[PDB]
C-alpha cells in the first residue's frame, strides 16, 4: 500500500483503539477511487477470531444511507414521490395531524417531532398503526429536525409499498445485488455466522435485538470490503449501470434542509468542503446530533454537490461505525468497530486521515 496511507491510518487508529478500548476494528480508505484495507483485533474475543476483511459488523444508523438510496431509487422508478402525503401509502393513517406530512418529512426527520425510537411495546402491525395514529406533533411539518428512527423507518417501509416487495427483498434486489454487495445483509444468514463479529458493551458480547422498523432504520450488517464499495458507489454514481440506482444515489445526496453548517440528504448528511473540522467533530456528538433544531427549507433542493463532506455515523448496543467521503477529491473512509465508542472520536480520526490525504 502507499506508505502515506499506511502511516496516516496506523498513526491515527492505533491510539484510538487503545484510548477507546475497542476490541476489533476494520478501516477502508478509498484514495483516487481505490480501496485500501486495515484490520486490528478481535471479532470474537472468547473464540480468538481476528477481524478480517470478511468480518460482518452491525452498521446501526449507517443503515439509513441504504434506506435513503433505496427510497431515491423508488423515486427514480416513478413508484413514489417525496411530495406524496404519507397517507397515500397508508390510508389507515386517518388522524388529522397527518395532513401535510409528506414522505419528504419522514425521510428527513422533519415531520414535526416523531420520536427517536419506536416504542419497544410495539410488537405488531396493529400496534404500529396505533402508535402513528396517536402520535401528536410538537411542531408544524417542515419546521424542525429531530433525528428519529420512527421517521426514516416509516419512510423506508412506505417507499417500497408500490413495488410489492418487502423492504428486505427490495434492498437486496435493487441496491445490494446491482452493486455486488454480496456480504451485506439485513438478516445475517447461517452461511455467514462464522464471520459475524460480536459487539461488546461493557465487555459483554451482544448483537442487535429485533425491533419494529429495525431493517429500515438500523438493521444492516456488512464487511469492510462491501462498505468500501458502497463508498465508491456514492462517490461516483455515474459509473453505476442501473439508471434508477444511479439516480437514487444522486437524490440521497441532494440538499433538502439546512441547520447550521449541515444539510440533510436522504440518510446521508452533508457539509460544504472544505469543512471546519470543529463543525463536523463537535456536531457529531449526540448532544448536538439528536437535538431539536429549526431548519431552513432548501426550495427546491440543491442537487448533490461535489465539493461536500458527506457522512453518517451509526451505532448499535455493541458496535460503532462511521463513513465519510468527499466526491471532489475521490476520497473516502469507512471505520467499523465492535464497540459503540463516542461519535466525536470517530469523526476526529476520520478527519485527521482524510485531511492528511487530501
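Positions refer to the first chain, counted from 1.
Undergrad: Among the other entries of this protein that were compared (only those with both neighbours built), does residue 284 lack coordinates in at least a third?
TA: Residue status for residue 284: gap in at least one third of the other entries.
Undergrad: As stated in the PDB record, which stretch has the larger average Cα B-factor, 20-28 or 7-15?
TA: Comparing averages over the C-alpha atoms only gives 7-15.
Undergrad: Could you check which stretch, 268-276 or 173-181, carries the larger mean CA temperature factor in the entry?
TA: For C-alpha atoms only, the mean B-factor is higher in 268-276.
Undergrad: So among 187, 143, 232, 126, who wins on Cα B-factor in the entry?
TA: Answer for 187, 143, 232, 126: 126, with the highest C-alpha B-factor.
Undergrad: Return the residue from 247, 241, 87, 223 that has the highest Cα B-factor in the entry.
TA: When the deposited C-alpha B-factors of 247, 241, 87, 223 are compared, 241 is largest.
Undergrad: Ordered by C-alpha B-factor within the chain, which third holds residue 292? Give me lowest, middle or highest, please.
TA: Answer is highest: the recorded C-alpha B-factor places it there.
Undergrad: According to the PDB entry, is the CA B factor of residue 228 in the bottom, middle or top third of its chain, that is, lowest, middle or highest?
TA: Lowest third of the chain for residue 228's C-alpha B-factor.
Undergrad: So where's residue 44 on the chain's Cα temperature factor ranking, which third?
TA: Middle third.
Undergrad: By the record's CA B-factor, is residue 83 among the lowest, middle or highest third of residues in the chain?
TA: Its C-alpha B-factor belongs to the middle third of this chain's values.
Undergrad: When the deposited Cα B-factors of this chain's modelled residues are ordered and cut into thirds, is residue 33 in the lowest, the middle or the highest one?
TA: Highest third.
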